[PDB]
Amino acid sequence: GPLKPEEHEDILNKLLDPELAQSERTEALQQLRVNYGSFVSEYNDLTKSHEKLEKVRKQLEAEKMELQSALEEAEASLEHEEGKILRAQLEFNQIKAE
């Protein structure tokens, strides 16, 4: 992963001294450079991933709404059908009593 804030800071402290040997300076600059390039790339991928997750979420919430409505319909069709025999039995007894 990317440099911890304290490792980044330590590199800046090194660069503070103008008497730092040239090879140490250009090594430190390259370290900052590679780190930042990677960090930015990783951040941009995370942003792309986060956007796609937000679409997934909206879609799942809409599908969930659909199923909830679909479920309610089926439960209604079911409770209607469950009473048909009882409705028949009622009519049978009314007929028998007349």
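Heads up: residue numbers just count along the shown sequence, starting at 1.
- The stretch 55 to 63 shows the higher mean C-alpha B-factor when 55 to 63 is compared against 23 to 31 in the entry.
- Once the C-alpha B-factors are averaged per stretch, 38 to 46 and 64 to 72 rank with 64 to 72 first.
- In the PDB entry, a CA B factor belonging to the lowest third of its chain's modelled residues is recorded for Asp10.
- Looking at the C-alpha B-factors along this chain, the one for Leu78 belongs to the highest third.
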